[PDB]
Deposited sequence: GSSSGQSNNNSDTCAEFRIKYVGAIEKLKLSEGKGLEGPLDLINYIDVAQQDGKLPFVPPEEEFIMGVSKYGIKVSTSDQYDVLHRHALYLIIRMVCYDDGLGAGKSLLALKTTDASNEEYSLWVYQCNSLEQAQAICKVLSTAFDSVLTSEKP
């Protein structure tokens, strides 16, 4: 809700497809479709493991840690995030997934990161804070 630039969220982690060359992956619909085909092929699971992670969103970008806060898995730097998309898994339980498309410093390779939120409300809050971050650093 209106209006913050720094927030933490309890989420689940579906998985990642790291270091893609290109596949010609344009826009949010190609992204969702790609993740669908990965799930169908068994590269990503339909159901995430039970363990919860802490996602911190701020003007640095997105940080993912263990629920104990002890270990940092990843720092997704704001500069290297291309797109985040929130969408319904489409399965029955009506779960909301977040997909992040990130790139590397030289903009030569792409990676996809998929998370599961506990509600649609939470997924939208994460997107709001991320958007606000972008607009904030854009000044």
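No alpha-carbon coordinates exist for the deposited sequence positions 1 to 8, 32 to 34, 151 to 154, given here in order along the chain.
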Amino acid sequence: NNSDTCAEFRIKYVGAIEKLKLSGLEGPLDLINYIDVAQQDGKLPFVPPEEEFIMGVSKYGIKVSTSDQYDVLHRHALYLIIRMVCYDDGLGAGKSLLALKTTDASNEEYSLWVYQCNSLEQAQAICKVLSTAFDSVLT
From here on, numbers count along this sequence of modelled residues.
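Stretch comparison (46 to 54 versus 78 to 86) by mean CA B-factor in the PDB entry places 46 to 54 on top. Looking at 62 to 70 and 34 to 42 together, the entry lists the larger mean B-factor for 62 to 70, computed on C-alpha atoms.
Among all modelled residues in its chain, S106 ranks in the highest third by Cα B-factor. Per the PDB record, residue ranking by Cα B-factor puts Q124 in the middle third of the chain.
When the modelled residues of the chain are ordered by their C-alpha B factor, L22 lands in the highest third. Ranked against the other modelled residues of its chain, the C-alpha B-factor of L29 as given in the entry falls in the lowest third. The entry lists a Cα temperature factor for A99 that places it in the lowest third of the chain's modelled residues.
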